[PDB]
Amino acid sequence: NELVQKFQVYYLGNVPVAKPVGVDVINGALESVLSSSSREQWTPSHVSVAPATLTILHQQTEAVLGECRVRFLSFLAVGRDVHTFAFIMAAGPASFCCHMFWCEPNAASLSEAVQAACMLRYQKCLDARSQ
């Protein structure tokens, strides 16, 4: 199944965004969601990074909060505040959705794991299509 062990983070939720890429887009989404929530409202959760999908699950009860195919993840970033992580999905052909997280001590290891999954997936796809 997974590539690494799940990440214990807070799921801040998801919001629609106008564009598939940009740190300005993800930081606008982060500011909006942080302004309309408090730390107690935050959903403790973990992110499972598998080869083809990212799955977000409720803290240790492990219900499914979201699932995302790497091929439809258009962009990811760490926010200006180093605890925040976001990725943008193409929910459909012209429809974008931004998923956001609070990470302790920071978002370094989640973002690395997600970036690595993207880079690995791209090579596996190029290689599949060249055979």
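Each residue number is its position in the shown sequence, starting from 1.
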Per the entry, higher mean C-alpha B factor between 56-64 and 29-37: 56-64
Selected stretch [higher average CA B-factor]: 112-120 or 9-17: 9-17
Out of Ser74, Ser95, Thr84, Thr43, residue topping the C-alpha B-factor column of the entry: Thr43
Third of chain Cα B-factors occupied by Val47: highest
